[PDB]
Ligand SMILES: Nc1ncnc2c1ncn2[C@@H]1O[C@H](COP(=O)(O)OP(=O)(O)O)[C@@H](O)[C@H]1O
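The chain that follows stands alone, in the form deposited without the named molecule, written as structure tokens.
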């Protein structure tokens, strides 16, 4: 695989772990777009800025040279040389990331970073196959019910399914990229993620 593979889906749909596994199996990097949005949210929080000031947030993001490091075991984000990754998959970031992800300048910043990487790679996100790499040769979209998404997210947070589901449902209401028209759509509530990885790899290697 010498081009680009995109794997998009809603939160906790499995696109991150599937992308990491598919990429490892192909011997190419994977790019987690969400980790960049999480980093922008975490930095805006810690910086004490009003995230509605896009100009100031973008000066902060550009000034700290925030960069995505693709490592086979999992991506890392460094800001002024500091690895922020351990602070990004937390309840506070989950709860505020939507406020910065909707800012056009922040999406442009994330997309610029991603579009810098030389192919091949597997990129995962919400809109990798639609907004960022519409030319990708292999596109996949993973669907998942709110219930299985809340169950998976709860496994990785202090909160339980009951609360996570309420949170995800309110977030869903609050906003969206649909699958790309040429993406293979797979529901991760029917197939196990191990089966999804195998199925995605069989399509890529054909």
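We call the rigid core the largest set of C-alpha positions that still match within 1.5 Å between the two forms. Numbering follows the first chain given and starts at 1.
What comes next is about the form solved in complex with the named molecule, which is not displayed.
- If you superimpose the site C-alphas and bring the named molecule over from its pose in the bound PDB entry, 3 or more of its atoms are within 2.4 angstroms of a backbone or C-beta atom of this form, and that means blocked.
- The shortest heavy atom separation between residue 138 and the named molecule in the bound PDB entry exceeds 4.5 Å.
- Although the partner is absent from this view, residue 54 stays clear of the named molecule in the bound PDB entry, with no non-hydrogen atom inside 4.5 angstroms.
- Though the partner is left out of this view, residue 196 does reach within 4.5 Å of the named molecule in the bound PDB entry, counting heavy atoms only.
- In the bound PDB entry, at least one heavy atom of residue 18 sits within 4.5 Å of a heavy atom of the named molecule.
- This chain appears without its partner; in the bound PDB entry, the one residue of 156, 163, 147, 62 with a heavy atom within 4.5 Å of the named molecule is 156.
- Residues from 2 to 17 that approach the named molecule in the bound PDB entry with a non-hydrogen atom closer than or equal to 4.5 Å are 10, 11, 12, 13, 14, 15, 16, 17, in the order they occur in the chain.
- Considering 198, 191, 24, 184, one residue stands apart with a C-alpha shift of at least 2 Å between this form and the one not shown following superposition on the core, and it is 191.
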